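Scroll down for the structure; my scribbles are underneath it.
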Amino acid sequence: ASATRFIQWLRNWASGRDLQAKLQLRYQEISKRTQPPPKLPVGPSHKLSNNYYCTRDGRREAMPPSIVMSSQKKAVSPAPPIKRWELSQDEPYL
Amino acid sequence: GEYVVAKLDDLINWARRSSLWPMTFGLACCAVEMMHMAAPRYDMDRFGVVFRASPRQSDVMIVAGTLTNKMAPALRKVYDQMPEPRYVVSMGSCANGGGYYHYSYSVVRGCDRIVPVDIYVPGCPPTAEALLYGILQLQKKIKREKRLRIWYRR
Amino acid sequence: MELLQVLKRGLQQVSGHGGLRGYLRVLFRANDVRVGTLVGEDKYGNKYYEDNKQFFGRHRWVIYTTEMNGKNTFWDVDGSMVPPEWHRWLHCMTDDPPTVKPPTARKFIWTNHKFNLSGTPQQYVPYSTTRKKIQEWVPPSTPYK
Amino acid sequence: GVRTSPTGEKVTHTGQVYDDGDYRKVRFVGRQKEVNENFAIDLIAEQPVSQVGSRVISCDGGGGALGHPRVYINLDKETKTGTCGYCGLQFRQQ
Amino acid sequence: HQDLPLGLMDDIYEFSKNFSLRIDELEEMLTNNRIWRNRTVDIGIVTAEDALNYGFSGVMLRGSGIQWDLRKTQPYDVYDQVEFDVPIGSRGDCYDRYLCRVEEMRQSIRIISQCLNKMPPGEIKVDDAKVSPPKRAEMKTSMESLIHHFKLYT
Amino acid sequence: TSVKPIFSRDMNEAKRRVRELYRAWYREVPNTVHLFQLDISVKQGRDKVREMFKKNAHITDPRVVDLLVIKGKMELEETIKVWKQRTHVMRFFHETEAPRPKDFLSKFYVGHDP
Amino acid sequence: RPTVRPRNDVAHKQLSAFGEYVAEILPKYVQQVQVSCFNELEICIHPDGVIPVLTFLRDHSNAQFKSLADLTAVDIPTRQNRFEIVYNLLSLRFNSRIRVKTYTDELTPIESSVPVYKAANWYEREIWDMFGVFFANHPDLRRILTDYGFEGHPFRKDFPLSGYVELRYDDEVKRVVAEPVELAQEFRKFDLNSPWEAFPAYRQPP
Amino acid sequence: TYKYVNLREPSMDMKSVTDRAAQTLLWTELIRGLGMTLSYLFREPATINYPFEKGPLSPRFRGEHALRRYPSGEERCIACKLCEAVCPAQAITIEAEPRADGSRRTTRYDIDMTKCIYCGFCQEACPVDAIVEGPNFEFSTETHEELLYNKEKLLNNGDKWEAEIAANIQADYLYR
Amino acid sequence: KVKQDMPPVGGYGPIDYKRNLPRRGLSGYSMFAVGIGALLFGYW
Amino acid sequence: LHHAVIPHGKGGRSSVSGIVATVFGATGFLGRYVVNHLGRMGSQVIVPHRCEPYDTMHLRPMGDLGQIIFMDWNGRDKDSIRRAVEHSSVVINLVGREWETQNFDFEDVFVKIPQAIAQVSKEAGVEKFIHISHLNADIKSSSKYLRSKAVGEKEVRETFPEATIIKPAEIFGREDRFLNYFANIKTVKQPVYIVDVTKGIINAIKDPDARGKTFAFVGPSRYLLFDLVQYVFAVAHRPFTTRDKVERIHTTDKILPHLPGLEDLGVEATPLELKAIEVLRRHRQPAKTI
Ligand SMILES: CCCCCCCCCCCCCCCCCC(=O)OC[C@H](COP(=O)(O)OCCN)OC(=O)CCCCCCCCCCCCCCCCC
Ligand SMILES: NC(=O)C1=CN([C@@H]2O[C@H](COP(=O)(O)OP(=O)(O)OC[C@H]3O[C@@H](n4cnc5c(N)ncnc54)[C@H](OP(=O)(O)O)[C@@H]3O)[C@@H](O)[C@H]2O)C=CC1
Ligand code: SF4
Ligand code: SF4
Ligand code: SF4
Ligand SMILES: [Zn+2]
């Protein structure tokens, strides 16, 4: 941000861009290095009632695998066939 | 006599520490922070430390990462081909003493089992700035050398 | 012309460092002849400067003292010479210097900062801090086989 | 509370010192034995006993969430003071 | 582990605002350079069928025209809530894979922009102290929180 | 007792592969000593080859013998192709290992190990 | 429920149906089929079925598992066949994943799947190196990760963590040498398991 | 959604063909590359003047370890060994006994700084803010042994750096 | 009140990402005309 | 035994051999092998050095962490000697020089310095003392080097009567000034291998019968110097230096049948034929033995 106007013009012309609008060095636009203290929120289990752990216990809802066949009609695929991707409307071609 | 030997020592020390050409053994992640030390923010070249030197033109080996048993012979071979004076900088926990992999069956527990080490840079990885501090510490070690004074007193 | 204003900016740095000798002193000690605002000085002689028109990272710097703890540091400066209260400011861990936000005082905090002591007689040497675990039986001091 | 053994080696706050015949003290020759001189047992003893009006007091070590887990100390015994198991501060019911 | 510090998102926005120009400068050096194209065009051609059988993934697949990206087909976290395009090569060579990576950087900035705008409030780890340790203030006040902290860290 | 074989269907078939491996190793030692510039003699190298083969002479399972041959051929390939370095070849000789005590009294004096 | 991973019954049903489908078509080899509560389909097969089963899943029009995501082994010493060989496959056509598992011991070869997936080449070398499972008809089976001349298969549960030998440079012989491992600080074994059952749903019958 | 990086057809009219001929013979795109590096020559460099200038860090930075005290001077550590248990590198070794006044305190507290991965788990695990990773990163040594910290070294670090350590904890403890 | 890092009310401004390689220079015809013109003057 | 020096381990790098050795002259040809063997089994080695620390770097990998300790010392400064030995259980003197310098003559290196080390070690209470002399040490020698060895050998015996004195022939090895000396170019020689000498020194520390004795370390074969030099040239594939050194090289190796040798320490002498290639390979029909 200290370059003379002539040097600013010279490097803008050489690069073909307006470099001064997007300098790769940081100045005053960066956030202060001292901030006010946070006050973070608490999660959904932070309740004084209607909050028994056995109703929100993910680990204990896990089950052993379902055995569908053990060595002790239409054809199917493992899932429906994948749908064709659509060409980008933002910019289909580079 | 004393004055000439001292001044000559200062001269050769200044030349050697002002022109430290490293061979970097970029073994693992510590090699990334070494690249950042060469990158513009720190620009190790501005200290006379060229970016990449050939092993036969090198004055300091930087061991930047985990030294495995499979790799250990090759690292020693490069060290032995270095022309003197030669120094070794151990970078990061892995090279310092095995680090996170200290108890592995395949890892050398510190590169100082293979080569003599001049400077140990701690961290996993050390920051590029920490490594630069270490390189400057090596420069100060070289500034303390008194090879000619000891030669004169033999 | 602009090149004229640049040249006078260079000259001002000579007088900004108290003449030619001070200008050359900072040029050879620190390879930098910028003039900044003096933020403060610590008990060891290090001086701290700021210039917020410089890009982030160059806006704060320290000119190390020429002598610390009995060591000549005119040429041999070290990053570990910055005491902790200024360490936070110089690394942009905070915005305000210890001259404006002094640290909390404790009786056990070192009054005298020490730089890296590796390679000196003051270097740290590790040792086991625990006492002997097994006590050997000591035979009697009189003959009696 | 640092004291030196007959051979001159400083004794640590854990009581460690190499005895007269131990070779291992050769490691300090030309260097130094690092010893911290602020013995915590001595420093905590200097703290005055705190006089309180209740049978039970609580201590979190000071600084709220910057201290230690909050514990409650019973002060019924009159022979001795109540001591915090985390920080060593002492309390007495007046 | 921790929530973002105040002010971080602003600085990420400042960085993202300028980054595409930096990609442009990189592209001005390489994309149309005839020497760069000589080194990468028609180099290491891999067919779509060979890429799949050899277990390739990522740009090694898409460079050869395969329309596959796990963020799109098997999404995780909130990738289903952000918009972006998958770059696809046509020749399956080094030059196309270089172009895909450069374009992927641009789409990363596109995703980053949406993340900054759509960042919601709330907690940053699961509110289940049998899995995620409690907040330090709770660990120092509540018996259950201290027990769970003790056990999760041992 | 009915198992899938590796290469050999019986010990006679397996013992053929052992002999073929032994010949390959026997003829490779002279080139190994030269290529790796080893300081051991060719006789030492062959004496080492024979010692390695002899400690496995008690095997009577053809599948185990097959794996030993499989592993022995990998070791030979590493050597002939100079994938090994000098350190790897000389590791067979334990030059820096001091001789451990074998008799009861010697073991008793130095430590607790059996 | 904010903290609980949601179920996906539609995918569970689809994967279960395809699992029966595979079991009906290759009864010669399929021993067990199961779908996990997080919807991952596993086919357990006799080791003879490796090539037929993988070929079917790669080539059949209702499978098209064209990509071998991973191939690995697991060591379970308590089993007569201690090594479990795991193939993880991906079908881009049907946007689906399947896992095929077989077993082997220390002396029984497994047929190399390189003919089906060229990707298997290095994965099988890694399994041989780390576990000692021999793959038959591999184009080039040899160690891939361990040092040259390394003895043993480190990923077996009974191979010690720090191994048996360690390396250092020896000045007398002017080379790196290998010697029995001595550790200045032994690795400290921790006994962490709680003596209280955590998951009743997985309780084994007594 | 997808896009093609490299699927375009060059225009085969005479003007376009002659444009590509001019680029081939007059090296136009190569000259355009020279303009970029020329424009960087006249940009201010990004280099900082280390060690007189330092890279910015934050209060969360994980550097050299230290053992902290209460304001009275009593040690915070009560030898619970949670840090030792969580340490992913097993870099911590602790022994403890009752102190002469009955306090639960350590007789050994070692960190092998060459095993440590500087992960910060120890300071997360600690219930009394005793062990912390401080802000110092400029502590390289000339020998391996100097990086094997015992309790005296770590207490000395705490006394040396407590002024900065406390302020950094003050800035970040509400995120913890 | 809860205070955590959030985007500004209304969100941040637009962020560019698309390739931007601006067209510069003359046409092939004009470039060749300048080059041949220089040669003719040099020859003369 | 003090508890710190009770042996533990399996004789490896991390073991505790129970030896605390101060090795003077550890930065030379012989010292690097002696330090290596001491550090192999986990001994504490104190290395007093006169040279730059850069010149001691090759000794650092020779021991586990903390097992090699370096100290500054001066041959003429008895305080520096006392600092180095006062914690040791054995002192090994390998100080020597094949020439004389402006500051040190053979009398300094081989008489005054060994006597000073032996005397301070005796004062400090060191239990063991190993002094290297020479097979051909002789008051009636043309070599001032060998004359000084005889005078110094006598002084050490008087000062430290329990000293173990070792008298090696010329030592061949990778860094020797013997085979290398010929390759860089009437008398019978019995050269001994460097590793044999090192093993003898290490075993003299352990063997309690070695105290007070004088040993002669010689190789298994005697050669004519002409036969040796011819063999050296053949092994080096080559077409077949002070004046004091010449006298030494031309001194017939003494035959001292009354002194114990390597076999009395459990060491088998290595033939020159086995190890000659090792020394001479870098300069690129066995010699007739008596
Ligand atoms: C009226 C009658 C008139 C009669 C006379 C008419 C003659 C004039 C009209 C014709 C103009 C002739 C131009 C001659 C220049 C040489 C052109 C040339 O050779 O370029 C082709 C070469 C290869 O091109 P490429 O894309 O790789 O593939 C083509 C073949 N497959 O591409 C290259 O050479 C690339 C060069 C690679 C080196 C890169 C580094 C250089 C870049 C900076 C160059 C700066 C310019 C030099 C100026 C020097 C100043 C002293
Ligand atoms: N090598 C042989 O053929 C034989 C040798 N010996 C004896 O064995 C011993 C060692 O042999 P070698 O290892 O070849 O000797 P070297 O010359 O190879 O090394 C000699 C050692 O003595 C030190 N030293 C020499 N002069 C001084 C001094 N003035 N003050 C302090 N230290 C000094 C050197 O240190 P620096 O590097 O600092 O000078 C070096 O470490 C010597 O006593 C030698 O005479 C006996 C018979 C045969
Ligand atoms: S020390 Fe840390 S960063 Fe460096 S190589 Fe090892 S694990 Fe990677
Ligand atoms: S930072 Fe991590 S690796 Fe280092 S001591 Fe703490 S828990 Fe262990
Ligand atoms: S530092 Fe903290 S976690 Fe570690 S033992 Fe001490 S009190 Fe426990
Ligand atoms: Zn308390």
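Chain A is the first sequence line, chain B the second, and so forth, proteins listed ahead of strands; every chain is numbered from 1.
Looking at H65(H) and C122(H), their side chains come closer than 4.5 Å, going by heavy atoms from C-beta outward. At a threshold of 4.5 Å between non-hydrogen side-chain atoms, the residues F51(B) and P22(B) do not count as touching. Within the 4.5 Å cutoff, the side chain of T37(H) has no heavy atoms near those of the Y40(H) side chain.
Within residues 131-154 of chain B, the residues approaching chain H closer than 4.5 Å by heavy atoms are, in numerical order, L132(B), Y133(B), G134(B), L136(B), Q137(B), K141(B), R144(B). Against chain B, no residue from residues 15-33 of chain H qualifies, as none has a non-hydrogen atom under 4.5 angstrom away.
Heavy atoms closer than 4.5 Å to chain H are found in the side chain of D112(B), but not in its backbone. For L147(H), the part sitting under 4.5 Å from any heavy atom of chain B is the side chain, from C-beta outward, and nothing else. When heavy atoms are compared at a cutoff of 4.5 Å, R109(B) does not approach chain H at all.
What you find for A89(H) and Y103(B) is that their closest heavy atoms are O-CE1, 4.5 Å.
For the options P88(H), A91(H), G63(H), heavy-atom pairs under 4.5 Å to chain B are most numerous at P88(H). Put simply, of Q90(H), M113(H), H144(H), the one with the most heavy-atom pairs under 4.5 Å next to chain B is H144(H).
Ring geometry, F139(H) versus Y149(H): the interplanar angle falls from 30° to 60°, so the pair is classed tilted.
Annotation: cation-pi geometry satisfied between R76(H) and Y70(H) (NZ/CZ under 6.0 angstrom from ring centroid, within 45° of ring axis).
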